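A.B. asks:
Chains as they are written, first to last, in our numbering: chain S, 329 to 541; chain P, -1 to 209; chain R, 10 to 223; chain H, 244 to 466.
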């Protein structure tokens, strides 16, 4: 079985820059190599076949080159929508085999998060649980720290974070942090606060509310 | 146009089996074979094999019915390792080699003994707002298995929408949120409804979110 | 137009391992289009020997194996047997020129070490009925020789015949030895006006001559 | 077992037309791609034409585009090749060949027919003259004699020769025909027999030249 290797799991670039991704086969496959692009929640999309041939509809900025064992995939001018995982594949022998993929990630200017806090809804409380949601909207870079405080008590192990993929237009990230308590316990406390530190914030930002107000 | 449509997400208990379907349209089914593939976060894209239209060794059985224009893939005694997204795909033209151009949307297979459970949809109401921007959302709580889809105003609202990847809770149920940001000046001029579809439990919910 | 290039000949002694190379281009083998191999024995149709680059059909001994690398393919035979003598073709698909199944030029595979054998030669005079049709043909049958290089000459009395000679090219019989045919056309007047006629067969320095007279 | 049998080949004048056919049995005709492959005398193999299991896809070698037409009858389990504007260079054996299954990367020809000869020539069909070769003993083993039949000036190939209506098998040796400078063919067939039976055993050579519809039975006897 032919092994297809993409050494870089992640590759980073900027809008308008040139970027190149490498793929190696452990067997001389001449030019029997295809390249695929896969965006979040989508099926792979064929970009290049036979190492250098552009498939129908692929934009001109996508090129492939190489022969033998060392193949290269290039984007001449990176665009915001180009965020994706890129896979090489040999179509030289059976079984068909794929590289591990290289995720493309865009550099951009620092962007400080927009922070919102949502109390549990009445409808959720009537059901017995209480989820408090802290939302960090359209920031960069990805690195962000969220701390929950309940009547000035730091929370640990009580919350779960979720982050979106890099936005295909502004290349920012968004993040949700969800603190879950029982109804009885939520009603035992007054002040609910989430504190956010991010490279774009000169000083930590706090959003809070008082149960009842 | 050539189109491959795959069956819906599946929940399979360990040791059971499931048959996956790929309906084809837009060509003579007998002229092209269908390729099957498996995608996981750890093992990546893996080719399984091909359904001959005139008809992973022990795990996969590949078949096809020309009368329904449908390719089939039965997965045998399933384990946690068979939890994945499965694609069917087709070569672009008659004399092409094995490069894949026409792909199905993928079928998610969850291998688990847990029970399927439809979600509850709670609103995340807007209040007093980063200057000129307000935020609202829906909390889709405690469902199983994946996946869930969320749109806003029947799909007519796409700007400012962020649907977060689900987290798995210690209970063994999933939970996610979908938020949209809108200009503050729009808060009291338009209705905001999140549409939630969890096909594995045949749950469809339209939920208004009011400030 | 494109073809797959093979060597026209490949030789090996019994027991050895031989390879037949098959070189294509980026439009066929190099693009991943699979390579297939066929064996043809004299007077028969080609038979599938290897398919899918390296798969042996049911019945092909495991001494035959296939492989490929870059634009080149290779058939290998370990433990070369005398019965492996035959023609071998590789085959693939070429996407240039709107697409076509493309064949290799072919390789004749000879096993060396076959022991020489001297020919049996028979010479017939013109029958009486042929003469009655105003024609005369002498028949020289050469058979059971090895290797195949044979040389025929005709003599009238003791002087070589200018023309009228038709000699076939040797071909192998079911016993793996060669046979050939040489014919000498004469008019009845030459056949009866000469003292004798001779067929001269030379094979590997050795010569036999058979003579017949009216 | 799979079987393929081609027929319809023969002699044709430059510019003429021929219709080859192939009959198949032992497999679902309707599920396989069919093909024509030809091999010129003493030359290599050249793919000619391919038809899909549904006739939806038909392809031709450039060298035959516009002159040849492939087609198939799935109810009759039959494949056809309509050859027009034939030329000398179309002379060859024409094989009908099935395309096996493969998972991308282009398939192989898994079964071939025996073939059928096609001869494109302005020359005329020439029947043979069959003459006897009277028994001779000098070159044969002790107590045996060589006895022959000369098949002269025929065209085109092939000729079949048997002896005593096929009853006589041991000792027969038919030689490959010679191709004369005139384009005609000649071959000899001799059989070695017991020198003792040369008096009471009758020996007949049966020559069949179907290309001209000529059959000859020649008795051979000692001078």
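We treat Cβ as the ideally placed atom computed from N, Cα and C, and that holds for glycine.
1. Within its chain, find whatever has a CB closer than 7 Å to the CB of residue 412/S; leave out the 5 residues flanking it on each side and keep chain order.
2. What is the DSSP secondary structure of residue 153/R, reduced to helix, strand or coil?
3. Taking buried to mean at least 16 other C-beta atoms within 10 Å of its own C-beta, is residue 41/R buried or exposed?
4. Grouping DSSP H, G and I as helix and E and B as strand, with all else coil, what is residue 38/R?
5. Between which residues of its own chain and residue 505/S is the CB-CB distance below 6 Å, once the five residues before and five after are set aside?
6. Buried or exposed: which applies to residue 121/P, given that a residue is buried once 16 or more other Cβ atoms fall within 10 Å of its Cβ?
7. Look at the Cβ atom of residue 116/R, then the Cβ atom of residue 17/R, and state whether they are nearer than 8 Å.
8. Can you check whether the C-beta of residue 103/P is within less than 8 Å of a C-beta belonging to chain S?
9. Three or more beta-carbon pairs under 8 Å between the stretch 143 to 155 of chain R and the stretch 110 to 127 of chain R, yes or no?
10. Going by DSSP in three states, residue 3/P sits in which element: helix, strand or coil?
11. Evaluate the contact criterion for the stretch 339 to 357 of chain S versus the stretch 379 to 398 of chain S: three or more CB pairs, one atom per stretch, below 8 Å.
12. On a CA-only basis, which of 462/H, 363/H, 293/H and 426/H is nearest residue 258/H? Give me that one, please.
13. I believe residue 2/P touches residue 22/P by the beta-carbon criterion, under 8 Å. Please report the beta-carbon distance rounded to the nearest angstrom.
14. With 16 other CB atoms within 10 Å as the buried threshold, where does residue 301/H fall?
15. Does DSSP put residue 44/R in a helix, a strand or coil?
16. Which class does residue 123/P belong to by DSSP, given the choice of helix, strand or coil?
17. For a quick check, are the C-beta atoms of residue 337/H and residue 361/H less than 8 Å apart?
18. At the 8 Å Cβ level, is residue 346/H part of the contact set with chain S, yes or no?
19. Since residue 92/P meets chain S, which of its residues come closer than 8 Å, beta carbon to beta carbon?
20. Can you tell me the Cα-Cα spacing of residue 424/H and residue 26/R, whole angstroms?
21. Output needed in chain order: residues of the stretch 351 to 371 of chain S with a Cβ under 8 Å from some Cβ in chain R.
22. So the alpha helix (DSSP H) residue 447/S belongs to, where does it begin and stop?
23. Do residue 109/P and residue 77/P have their CB atoms nearer than 8 Å?
24. Checking the sheet assignment: what are the DSSP bridge partners for residue 190/R?
25. Identify which residue in 455/S, 523/S, 422/S and 376/S has its Cα closest to the Cα of residue 349/H.
26. Taking the C-alpha atoms as reference points, what is the distance between residue 281/H and residue 290/H?
27. Of the residues 214/R, 84/R, 202/R and 169/R, which one's Cα is nearest the Cα of residue 128/R?
28. Unbroken beta strand (DSSP E) runs of length 3 or more, entirely within the stretch 45 to 104 of chain P: which are they?
29. On the CB-based measure, 16 or more other CB atoms within 10 Å of its CB, does residue 401/H come out buried or exposed?
30. Would you mind giving the Cβ-Cβ distance between residue 12/P and residue 114/P, rounded to the nearest angstrom? I have them listed as a contact below 8 Å.
31. Does DSSP classify residue 332/H as helix, strand or coil?
32. Run through DSSP, which three-state label would residue 307/H get?
33. So with CB distances below 9 Å, who are the chain P contacts of residue 303/H?
34. Whose C-alpha, out of 516/S, 441/S and 481/S, is nearest the C-alpha of residue 531/S?
35. With a cut-off of 8 Å, does the C-beta of residue 396/S fall near any C-beta of chain R?
36. Taking 8 Å as the limit between beta carbons, can you name the residues of its chain near residue 135/P, skipping five residues before and five after?
C.D. replies: Checking against the coordinates, here is how it stands:
1. What you label residue 412/S is simply residue 84 of the first chain in a count that begins at 1. Cβ within range, chain order: 365, 366, 367 and 432.
2. Here the question's residue 153/R lines up with position 144 in the third chain. Note: residue 153/R maps to strand in three-state DSSP.
3. On the third chain, position 32 is the one that residue 41/R refers to. Burial state of residue 41/R is buried, judged by a 10 Å Cβ sphere holding 16 or more other Cβ atoms.
4. Here residue 38/R refers to the residue found at position 29 when the third chain is read from its first residue. In the structure shown, residue 38/R sits in a helix (DSSP, three-state: H, G or I).
5. Within the first chain, numbered from 1, the residue matching residue 505/S stands at position 177. So the qualifying residues of the chain are 462, 474, 487 and 489.
6. Position 123 of the second chain, counted from the start, is the residue given in the question as residue 121/P. So residue 121/P counts as buried.
7. Within the third chain, numbered from 1, the residue matching residue 116/R stands at position 107. Within the third chain, numbered from 1, the residue matching residue 17/R stands at position 8. Their beta carbons are under 8 Å apart, which means residue 116/R touches residue 17/R by this criterion.
8. Sequence index remark: in the second chain, residue 103/P carries index 105 (1-based). Yes, because at least one Cβ of chain S sits closer than 8 Å to the Cβ of residue 103/P.
9. yes
10. Stepping through the second chain from its first residue, residue 3/P is reached at position 5. Three-state DSSP puts residue 3/P in a strand.
11. When Cβ pairs closer than 8 Å are counted between the two stretches, the stretch 339 to 357 of chain S is seen to touch the stretch 379 to 398 of chain S, the count reaching three or more.
12. Here residue 258/H refers to the residue found at position 15 of the fourth chain. For residue 258/H, the nearest C-alpha among the options comes from 363/H.
13. For the purposes of this step, residue 2/P is taken as residue 4 along the second chain, with counting starting at 1. For the purposes of this step, residue 22/P is taken as residue 24 along the second chain, with counting starting at 1. Going by Cβ atoms, the distance from residue 2/P to residue 22/P rounds to 6 Å, so yes, they are a contact pair.
14. Position 58 of the fourth chain, counted from the start, is the residue given in the question as residue 301/H. Its Cβ having fewer than 16 others within 10 Å, residue 301/H is exposed.
15. Locating residue 44/R in the third chain gives position 35, counting from the first residue. Coil, per DSSP.
16. In the second chain, the residue the question calls residue 123/P occupies position 125. The answer is coil: DSSP assigns residue 123/P none of H, G, I, E or B.
17. Here the question's residue 337/H lines up with position 94 in the fourth chain. Here the question's residue 361/H lines up with position 118 in the fourth chain. Yes, the pair counts as a contact, with Cβ atoms nearer than the cut-off.
18. Translated into positions along the fourth chain, residue 346/H becomes position 103. Residue 346/H counts as touching chain S.
19. Sequence index remark: in the second chain, residue 92/P carries index 94 (1-based). Chain S residues near residue 92/P: none, gap ~15 Å exceeds 8 Å.
20. Walking along the fourth chain from the start, residue 424/H turns up at place 181. Walking along the third chain from the start, residue 26/R turns up at place 17. Cα-Cα distance, rounded: 43 Å.
21. 355, 356, 357, 358, 359 and 360
22. If you number the first chain from 1, residue 447/S lands on position 119. Element bounds for residue 447/S: n/a, residue is neither H nor E.
23. To locate residue 109/P, count along the second chain from 1; it is residue 111. To locate residue 77/P, count along the second chain from 1; it is residue 79. Yes, the pair counts as a contact, with Cβ atoms nearer than the cut-off.
24. Along the third chain, one-based indexing puts residue 190/R at 181. Bridge partners of residue 190/R: 150/R.
25. Sequence index remark: in the fourth chain, residue 349/H carries index 106 (1-based). Out of 455/S, 523/S, 422/S and 376/S, 422/S has the C-alpha closest to the C-alpha of residue 349/H.
26. The count along the fourth chain starts at 1 and reaches residue 281/H at position 38. The count along the fourth chain starts at 1 and reaches residue 290/H at position 47. Going by the C-alpha atoms only, they are around 6 Å apart.
27. Along the third chain, one-based indexing puts residue 128/R at 119. It is 214/R.
28. 58 to 63, 68 to 73 and 82 to 88
29. Locating residue 401/H in the fourth chain gives position 158, counting from the first residue. The residue is exposed, with fewer than 16 neighbouring Cβ atoms inside 10 Å.
30. Your numbering for residue 12/P matches position 14 in the second chain. Your numbering for residue 114/P matches position 116 in the second chain. Contact flag wrong, Cβ pair sits at about 15 Å.
31. For the purposes of this step, residue 332/H is identified with residue 89 of the fourth chain, where counting begins at 1. The answer is helix: DSSP assigns residue 332/H an H, G or I state.
32. Your numbering for residue 307/H matches position 64 in the fourth chain. If DSSP states are grouped into helix, strand and coil, residue 307/H belongs with the helices.
33. To locate residue 303/H, count along the fourth chain from 1; it is residue 60. Residues of chain P whose Cβ lies closer than 9 Å to the Cβ of residue 303/H do not exist, since the nearest Cβ in that chain is about 13 Å away.
34. Your numbering for residue 531/S matches position 203 in the first chain. The shortest C-alpha separation from residue 531/S is found at 441/S.
35. Residue numbering aside, residue 396/S sits at position 68 when the first chain is read from its first letter. Judged by the 8 Å Cβ criterion, residue 396/S is in contact with chain R.
36. Walking along the second chain from the start, residue 135/P turns up at place 137. The answer, listed in chain order, is 121, 122, 175, 176, 177, 178, 192 and 207.
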